[PDB]
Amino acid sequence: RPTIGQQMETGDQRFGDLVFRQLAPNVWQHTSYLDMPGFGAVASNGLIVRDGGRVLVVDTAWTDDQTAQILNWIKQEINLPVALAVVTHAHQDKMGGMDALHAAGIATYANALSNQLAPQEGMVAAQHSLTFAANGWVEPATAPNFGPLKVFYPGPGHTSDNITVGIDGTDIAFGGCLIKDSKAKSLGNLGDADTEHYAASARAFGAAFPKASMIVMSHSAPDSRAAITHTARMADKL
């Protein structure tokens, strides 16, 4: 029962300290929890995607141990190797578990800028850097064999390095901490945010994946495209 993050609902599978929810035949959401100190549990979500005989991960859990539990769940439930992981910015809820991925021999990718900020944010950098074009699309040579993951840098928003990921062959796109749900009362932690550019960045994410109907985000259950539009409206007020 987290203080922040979606509550458990029908069909959620508890596995150790984590929760897994199937979103599509080949896509699952992973959820892990961190107690912030007298405030209670904060849930954070990422994705697991099956692509033929391999698995792709978006975001770590908060900690190495939680991330190792995600790999255990994949081993038990899917029993295919993880080819790579993409982390969406250099903060604990998205990159806290890097060491567990590396110990497992999984290739890790992040925005070059995330890797550059990682030491200052108390994170371990990914082993490979993604770079982006002037319109935000990933340079394909930096994202080799990404299968259905379509990586897009929408512009500075929640952080300057935040990236997003569409799942090709599905109607799902992942906004990470940039996007908050359609009924959110705030944009969350704006401590590292670009308030000037936030609204345009949120709308750019919506425009990059214009037919994604299921929007997955770090701290709420998957939502409609109203998550994008509501996030942008909140950001318009900054």
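Rigid core here is just the name for the largest C-alpha set that superposes within 1.5 Å across the two forms. So that there is no doubt, residue numbering starts at 1 and follows the sequence shown.
Across the superposed structures in 6 other deposited structures of this protein, aligned by the core, the stretch whose Cα atoms lie more distant on average is 30 to 38, chosen from 58 to 66 and 30 to 38. In terms of root mean square C-alpha deviation after superposing on the rigid core in 6 other deposited structures of this protein, the stretch standing farther out between 115 to 123 and 162 to 170 is 115 to 123. Stretches 30 to 38 and 45 to 53 differ in mean CA B factor, with 30 to 38 having the higher one.
Between 11 to 19 and 223 to 231, the higher mean Cα B-factor belongs to 11 to 19. Taking the PDB entry at face value, the top CA B factor among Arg203, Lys180, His197, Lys211 belongs to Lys211. Note on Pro81, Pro154, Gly166, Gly122: the highest value goes to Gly122, judged by CA B factor as recorded.
Per-chain ranking of the deposited C-alpha B factor places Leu187 in the middle third. Remark: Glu139 belongs to the highest third of its chain, ranked by C-alpha B-factor as recorded. Ranked against the other modelled residues of its chain, the C-alpha B-factor of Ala68 as given in the entry falls in the middle third. Per the deposited record, the Cα B-factor of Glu77 falls in the highest third when ranked against the other modelled residues of its chain. Among the modelled residues of its chain, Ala118 has a C-alpha B-factor that falls in the highest third according to the deposited record.
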